[PDB]
Amino acid sequence: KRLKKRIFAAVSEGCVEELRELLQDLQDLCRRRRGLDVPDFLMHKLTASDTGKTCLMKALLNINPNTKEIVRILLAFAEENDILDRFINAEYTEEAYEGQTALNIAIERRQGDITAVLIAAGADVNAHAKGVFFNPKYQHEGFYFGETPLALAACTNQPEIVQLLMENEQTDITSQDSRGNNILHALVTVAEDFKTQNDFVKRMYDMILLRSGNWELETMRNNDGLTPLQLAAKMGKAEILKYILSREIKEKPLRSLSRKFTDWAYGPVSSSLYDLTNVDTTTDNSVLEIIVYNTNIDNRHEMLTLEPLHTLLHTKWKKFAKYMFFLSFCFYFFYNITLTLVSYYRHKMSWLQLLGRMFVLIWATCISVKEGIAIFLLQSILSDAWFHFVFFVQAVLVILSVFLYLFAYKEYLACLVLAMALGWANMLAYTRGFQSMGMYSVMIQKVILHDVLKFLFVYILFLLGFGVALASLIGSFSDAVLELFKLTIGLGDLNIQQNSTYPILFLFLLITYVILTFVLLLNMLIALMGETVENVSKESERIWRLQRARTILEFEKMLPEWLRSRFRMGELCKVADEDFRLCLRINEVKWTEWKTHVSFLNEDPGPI
Amino acid sequence: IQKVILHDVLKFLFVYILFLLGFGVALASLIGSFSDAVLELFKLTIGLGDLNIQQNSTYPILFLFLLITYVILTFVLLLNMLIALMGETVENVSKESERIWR
Amino acid sequence: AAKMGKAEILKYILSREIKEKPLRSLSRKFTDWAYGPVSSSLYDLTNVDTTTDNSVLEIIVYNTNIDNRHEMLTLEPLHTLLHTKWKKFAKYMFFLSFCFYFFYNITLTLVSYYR
Amino acid sequence: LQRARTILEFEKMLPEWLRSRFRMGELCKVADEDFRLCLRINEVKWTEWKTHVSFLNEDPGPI
Ligand SMILES: COc1ccc2ccc(=O)oc2c1CC=C(C)C
Ligand SMILES: COc1ccc2ccc(=O)oc2c1CC=C(C)C
Ligand SMILES: COc1ccc2ccc(=O)oc2c1CC=C(C)C
Ligand SMILES: COc1ccc2ccc(=O)oc2c1CC=C(C)C
């Protein structure tokens, strides 16, 4: 048993001669074991039974410059012993690291020739790794490359290994794994910005894709049920998503697997067709929908700047929602006027007094029904869900107050005033929907209610400290609050200063409160400017790009299907043989670079 | 910047006058008197209204609420247009001034 | 290094690791394990932590005369260890001290003459 | 500063036996005849790429 560990030590070192003679000793052990015929006696002596690690495994852990000689001897030892398939394709037995198959290790240790010999040995190169480490619940715990030796070298930027694994016979590029992912998913899953990662995730996405040659291995969906394009949306990885939409290929026999088809070019002017296979909302899950209806990811302002999203989003405003938002704006504007006039300022022939109150009741319900479902469908109060709360609350209190008049409880009038009060509050809520005027204010209403109230929570507590102090100078306590609030106004004067007890002490506590208020009110004035400059100033139009585009698709589901069927952007076009696609046309002009053109949708440039 | 300050302050004032008349009909419901309620609430911007006019006939607890909500929100809004004019009109209107001067 | 407050040398002390085998003992920031792009490390705590009467962290705190204390605390074995001591002790300790003195001021003003 | 000032100021206020429970880091062996209390921090790098030869352990994950 010491002899086994001495081998593991000889595994751990480059002692070539010491490694050889122990195998000569182990060969003599196999000779003396006649009855076993050494199937597993070879296995038992070369492997710790608790962990499943072998001699070839542990040698690939510890890399020395004598490692290549260790490999060629270990493979020479197994081949007389005829158990190399059992030897090389051994795997881990514990639930962590589960089935690692140290061909995986040599990829991770980046040894190309050592990898080539194991391929030349034949090592089941589509070996699915498992284990809690390879599929971690947390980011700090493990590393999720997607359980594939091919995808590992892809994820670890070793393109020659990606090249060398590419032309094996039983490679099976289309493989799936635990969590249901394909090789492109993990490439999306493991990606960052141009900071901290430089374009290899893009390029290794490209390099494997040219070998593919089929629309499948993008049409596949995971166990979550998502395409790599869909998973690009849900993960929100921006830099890969730019590459997907503008993926064009000049090289002829596989120009089919391409997007952004070049329509025509005539010198500095060209036109192009961006594909709409799954971007537009004609399908239940679309690219544009997932980017809108998620708050948890990040960075939604960046992704919407990208081109086939950006123009298509602009067109849907122009043909639908600029009419739709202005119409919704005018109806609720008439609704608030309809509330306040017939409150008490104004029943047989008086039709328009009665039909006016009827018009209030019918429209407030449909808002309350639609918002009541929508709130029940769903973090939230930071953006737009607190707003959709107030629309529902204001609608109910209109309905609730009139129903108090039916049961004649006297608070029907008082609840009616609160309903009309919040009716103008939601009238302020449409002011963000203009391009400019609400949006610098509304997102800073998020900020100015935060920063001034924390000053006011100081200041009201700063108020009541001085208030009980002067009340001790001889409800009168509530009157002392009202007296000291006049000092903020300036209404208190010299004659009220003529105290009964200690005029010298009463003269001190006044002027200390005056100056410190001038200290504090100047301080929040200064500190708001230095903090909210250029950060809240930019984040304002960020949410303006959000909450507009939020509502645009929210208007889109409100339209009927037959009227949607008229308004379909883009057009059915033929980019290749036996293919017909709806695509979006965008004209543009470049001047800087200059190239002759070989890829054409048409010969004739102009619109026919 | 008279081109600019008439644009940016009036859109605040078109909010604020509409922000005025919403509170104006609310306190008028607390018992032309409607035009007098505008003149009463404009005194609050001046500071002329005081404690004795607060002694309402109906619901003093509700009349105490609608005053102080208008005071703070006015201090919110008038501070907001003060901040937003500085961050927007810096260095762009400041350069475009001498452009038109040329 | 702490008392003089020389920052640039102090970064070299804490992350002083050596790959060269026969003297890898005289090293700090021991590499735990690495698997591709993910690695773990062990920063030593020979004299940094306050288990000894004079420690590195103590001298950086309890001096005003030197300079530049914001720079030195950005350094790594200080920075994480300082963050952990907030989380396991002082966020409970400061909030508890905050609530007692908050109750204390209310306890002062009420029984002044109101009751 | 003043946060981290008070943190160590709270530290001396604690008793020794309760401090003895809360000891950050762990006793580990980095070399022969050496045992040290050290702090573990995980991190991720992408830019440079090197094969690894210096190891505390062969097995990456927490056991
Ligand atoms: C009005 O159309 C919209 C609407 C929303 C967004 C949101 C993000 C964005 O970056 O772009 C957008 C556009 C395009 C604007 C123009 C001037 C072509
Ligand atoms: C165009 O109609 C609109 C417009 C705007 C809104 C705003 C919020 C909302 O929840 O509902 C709305 C509706 C639906 C009302 C009807 C009568 C179908
Ligand atoms: C709350 O933990 C603290 C406390 C104090 C300091 C002081 C200096 C410093 O630069 O870093 C600090 C941290 C670390 C914060 C995080 C979020 C890891
Ligand atoms: C946790 O206890 C606290 C909390 C906060 C402070 C603040 C300043 C101070 O000088 O002393 C303090 C103490 C010690 C009091 C006791 C009863 C042991």
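Residues numbered from 1 in each chain as written, not as in the entry; some residues may be left out. Chains lettered and ligands numbered in written order. Part of a larger assembly, values for the part shown. Heavy atoms only, no water. Residues with missing side-chain atoms left out of burial classes, pairs and counts.

The deposited coordinates for this entry were obtained by cryo-EM, with a reported resolution of 3.99 Å.

**Student:** So what exactly am I meant to see when it comes to the overall build of chain D here?
**Tutor:** Tallying secondary structure elements over chain D gives 2 helices and 2 strands in all. Each helix and strand of chain D, placed in order from N terminus to C terminus, yields the pattern α-α-β-β. What you see for chain D is a C-alpha radius of gyration of 18 Å, clearly larger than the 11 Å of a compact globule of 63 residues, by over 25%. Across its three principal directions, the C-alpha atoms of chain D cover 45 × 35 × 20 Å. Of all 63 residues assigned to chain D, the portion counted as buried reaches 35%. (Helix = DSSP H or I, 4+ residues; strand = E, 2+ residues; numbered from the N terminus. Rg over C-alpha atoms; globule rule 2.2 N^0.38 Å. Buried < 20%, exposed > 50% of the residue type's maximum accessible area, 1.4 Å probe, protein only.)

**Student:** Explanation requested: the environment of A:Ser271 in the structure shown.
**Tutor:** Residues and elements named next belong to chain A. Here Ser 271 lies in strand β2 (residues 269–275). For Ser 271, a relative accessible area of 1% corresponds to the buried category. In this view, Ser 271 contacts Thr 262, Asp 263, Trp 264, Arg 585, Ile 586 and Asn 587; residues no more than four positions away in its chain are not counted. (Contact = heavy atoms within 4.5 Å.)

**Student:** Any chance you could explain the sheet that holds strand β2 (residues 38–44) of chain C here in plain terms?
**Tutor:** Strand pairing within a sheet occurs via backbone hydrogen bonds; the two strands may be parallel or antiparallel. Strand order in the open sheet made by the 4 strands is β1(C)-β2(C)-β2(D)-β1(D), with antiparallel pairing throughout. The open sheet has two free edges, formed respectively by β1 (30–35) of chain C together with β1 (26–31) of chain D, since each of these has just one partner strand. Ignoring which end each strand starts from, the neighbouring axes of this sheet average 45 degrees apart. Sheet topology places β2(C) next to strand β2 (residues 34–44) of chain D; 7 bridges connect them, and they run antiparallel. Among the inter-strand pairings, C:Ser39 is bridged to a residue of β2(D), identified as D:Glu43. Its contacts with the sheet place helix α4 (residues 76–110) of chain C against β2 of chain C together with β2 of chain D, and it is angled at close to 85 degrees to β2(D). (Pairing = 2+ DSSP bridges. Axes fitted to C-alpha atoms, helices over the stretch in contact; angles between N-to-C directions.)

**Student:** Explanation requested: helix α20 (residues 412–429) of chain A in the structure shown.
**Tutor:** Note on helix geometry: an α-helix contains 3.6 residues per turn, so any two residues three or four positions apart are oriented the same way. With 18 residues, α20(A) should reach 26 Å at 1.5 Å per residue; the first-to-last C-alpha distance of 26 Å fits that figure. All buried positions along α20(A) are accounted for by A:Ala414, A:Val417, A:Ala419, A:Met420, A:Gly423, A:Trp424, A:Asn426, A:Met427 and A:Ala429. For α20(A), the secondary structure elements touched by its buried residues are α17 (307–341) and α19 (385–406) of chain A together with α1 (2–28) and α3 (60–89) of chain B. (Expected span 1.5 Å × (residues − 1).)

**Student:** Can you walk me through the interface of chain C and chain D in this structure?
**Tutor:** Interfaces are frequently sized by the accessible area removed from exposure as the parts join. Taken together, the contact pairs 41 residues of chain C with 34 residues of chain D. Of all the elements in the fold, those that place two or more residues in the side of chain C that touches chain D are β1, β2, α2 (56–61), α3 (69–72) and α4 of chain C. The greatest single-element share of the side of chain C that touches chain D, amounting to 13 residues, is contributed by α4(C). A per-class count over the side of chain C that touches chain D returns 18 nonpolar, 13 polar and 10 charged. (Nonpolar A, V, L, I, M, F, W, Y, C, P; charged D, E, K, R; others polar.)

**Student:** I'm lost on a negative patch on the surface in this one. Help?
**Tutor:** Together, A:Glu192, A:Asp193, A:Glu239, A:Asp298 and A:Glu302 line one region of the surface with negative charge. Structurally, A:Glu192 is set in the loop between α11 (183–189) and α12 (200–212). (Patch = residues over 30% accessible without salt bridge, like charges linked within 9 Å, V, L, I, M, F, W, Y side chains within 5 Å. Areas by Shrake-Rupley, 256 points an atom, 1.4 Å probe, with all protein chains shown as cover. Salt bridge = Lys/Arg side-chain N within 4 Å of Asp/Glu carboxyl O. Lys, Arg positive; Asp, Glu negative; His and termini not counted. Charge placed at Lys NZ, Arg CZ, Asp CG, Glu CD.)

**Student:** Where do I start with the UniProt feature "binding site: Na(+)" in chain B in this structure?
**Tutor:** UniProt marks B:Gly47 with the feature "binding site: Na(+)", using the numbering shown here. Within the fold, B:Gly47 resides in the loop between α2 (33–46) and α3. (UniProt positions renumbered as here; feature names shortened; annotations may be inferred.)

**Student:** Teacher, can you tell me more about the site of ligand 1 here?
**Tutor:** Residue and element names in this part refer to chain A. Taken together, the residues surrounding ligand 1 are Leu 304, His 310, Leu 313, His 314 and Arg 545. Residue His 314 places a side-chain N or O atom 2.9 Å away from an oxygen atom belonging to ligand 1. Within the contact set of ligand 1, an oxygen atom lies 2.8 Å away from a side-chain nitrogen or oxygen of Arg 545. Here ligand 1 has 440 Å² of accessible area as a free molecule, and 73% of this is covered by the chains. Among the elements that make up the shell around ligand 1, the one with the highest residue count is α17 (3 residues). Among the residues forming the shell around ligand 1, the class breakdown is 2 nonpolar, 2 polar and 1 charged. (Near = heavy atom within 4 Å. Polar contact = N/O pair within 3.5 Å; in protein donor to acceptor, adjacent residues only side chain to side chain.)

**Student:** Looking at this structure, I do not really get the site of ligand 3. What am I missing?
**Tutor:** Residues and elements named next belong to chain C. Taken together, the neighbourhood of ligand 3 is formed by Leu 73, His 79, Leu 82 and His 83. Within the side chain of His 79, one N or O atom sits 2.9 Å away from an oxygen atom of ligand 3. In the complex, 61% of the free accessible area of ligand 3, which totals 440 Å², lies under the protein chains. In terms of residue class, the shell around ligand 3 is made up of 2 nonpolar, 2 polar and no charged.

**Student:** Looking at this model, I keep getting lost on the packing of aromatic side chains. Mind explaining?
**Tutor:** Where two aromatic rings form a pair, the distance of their centres and the angle of their planes describe that pair. Under the defined criterion, the tally for this structure stands at 40 aromatic pairs over all chains. Judged by centre distance (5.7 Å) and plane angle (65 degrees), the ring pair of A:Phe325 and A:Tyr430 falls under edge-to-face. A:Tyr430 carries the same exposure label as A:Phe325, and that label is buried. An aromatic cluster is built from A:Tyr92, A:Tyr97, A:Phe133, A:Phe134, A:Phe143, A:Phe145, C:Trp33 and C:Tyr35, whose rings are joined through pairwise contacts. When the ring centre of A:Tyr144 is taken as reference, the NZ or CZ atom of A:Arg179 above it lies at 3.5 Å. (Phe/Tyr/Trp six-rings, centres within 6.5 Å; stacked < 30°, edge-to-face > 60°. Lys NZ or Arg CZ within 6 Å of the ring centre and 35° of its normal.)

**Student:** Help me understand empty space enclosed by the protein, please; the structure alone is not making it clear to me.
**Tutor:** Over the atoms, a rolled probe matching the size of one water molecule traces out where space is still vacant. Computed from the structure, the largest cavity encloses a volume of approximately 160 Å³. Lining the largest cavity are 21 residues, and of these A:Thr148, A:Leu150, A:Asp172, A:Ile173 and A:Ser175 sit closest to its centre. Mapped onto the lining of the largest cavity, the elements with two or more residues apiece are α9 (149–155) and α11 of chain A. Here the lining of the largest cavity takes 3 residues from α9(A), the largest share from any one element. Taken as a whole, the second largest cavity holds about 130 Å³ of empty space. If you trace the second largest cavity, you find 18 residues lining it, with A:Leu61, A:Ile105, C:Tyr35, D:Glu58 and D:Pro60 closest to the centre. (1 Å grid on protein atoms, 1.4 Å probe; cavity = no way out; pocket = protein on both sides within 12 Å on 5 of 7 lines; lining within 4 Å. Points joined across faces, edges and corners; volume = space filled by probe spheres on them.)

**Student:** So what exactly am I meant to see when it comes to unusual backbone geometry here?
**Tutor:** Trans peptide bonds make up most of the peptide bonds, and negative phi angles are found at most residues other than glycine. Residues and elements named next belong to chain A. The phi angle at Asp 172 is positive, at roughly 60 degrees, despite the residue not being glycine. With respect to the helices, strands and loops of the structure, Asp 172 is situated in the loop between α10 (159–164) and α11. A positive phi angle is found at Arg 179, which is not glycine, with a value near 75 degrees. Here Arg 179 is to be found in the loop between α10 and α11.

**Student:** What's the story with the sheet that holds strand β1 (residues 261–266) of chain A in this structure? I'm lost.
**Tutor:** All names here are of chain A. On the basis of which strands lie adjacent, the open sheet formed by 4 strands has the order β1-β2-β4-β3 and antiparallel pairing. Both edges of this open sheet fall to β1 and β3 (571–576), since each of them pairs with a single strand only. Strand-to-strand twist across the sheet, computed as the mean angle between neighbouring axes with direction ignored, equals 45 degrees. In this sheet, strand β4 (residues 579–589) lies alongside β3 in antiparallel orientation, the contact comprising 4 bridges. In the strand pairing of β4, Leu 572 is matched with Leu 582.

**Student:** Even after reading the chapter, I still don't get the packing of helix α21 (residues 439–471) of chain A against helix α22 (residues 476–489) of chain A, so can you show me in this structure?
**Tutor:** Each packed pair of helices is defined by two parameters, the angle between the axes and the distance between the axes. Residues and elements named next belong to chain A. Contact pair α21 / α22: the axes reach a minimum separation of 9 Å and the direction vectors enclose 115 degrees. Handedness of the crossing formed by α21 with α22: right-handed. Across from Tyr 459, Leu 463, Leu 464, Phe 466, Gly 467, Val 468 and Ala 471 in α21, the residues of α22 making contact are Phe 477, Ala 480, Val 481, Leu 484 and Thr 488. Residue classes in the contact of α21 with α22 are distributed as 10 nonpolar, 2 polar and no charged. (Left-handed = near helix turned anticlockwise from the far one by under 90°.)

**Student:** Could you clarify how one ought to interpret the state of the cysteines in this entry?
**Tutor:** As used here, a disulfide is simply a covalent bond connecting the sulfur atoms of two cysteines. All names here are of chain A. Counting across every chain of the model gives 0 disulfides over all chains. A disulfide-free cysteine, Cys 330 has its sulfur positioned 19 Å from the sulfur of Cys 366, the nearest such atom. Here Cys 330 falls in the partly exposed class, since its relative accessible area comes to 36%. Among the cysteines around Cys 583, which has no disulfide bond, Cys 573 carries the closest sulfur, lying 3.9 Å off. Its relative accessible area of 1% is what places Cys 583 among the buried residues. (Disulfide = S-S within 2.5 Å.)

**Student:** Any chance you could explain helix α18 (residues 351–377) of chain A here in plain terms?
**Tutor:** Residue and element names in this part refer to chain A. With 27 residues, α18 should reach 39 Å at 1.5 Å per residue; the first-to-last C-alpha distance of 39 Å fits that figure. Every buried residue belonging to α18 is among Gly 356, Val 360, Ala 364, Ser 368 and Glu 371, and all of these are buried. Buried positions along α18 lie against α17 and α19.

**Student:** Got a minute to help me understand the arrangement of the chains in this structure?
**Tutor:** Contact analysis covers 4 pairs of chains in contact, and the most contacts occur between chains C and D. Nowhere do chain B and chain C come into contact; their C-alpha atoms are at least 25 Å apart. A minimum C-alpha distance of 31 Å separates chain B and chain D, which share no contact.

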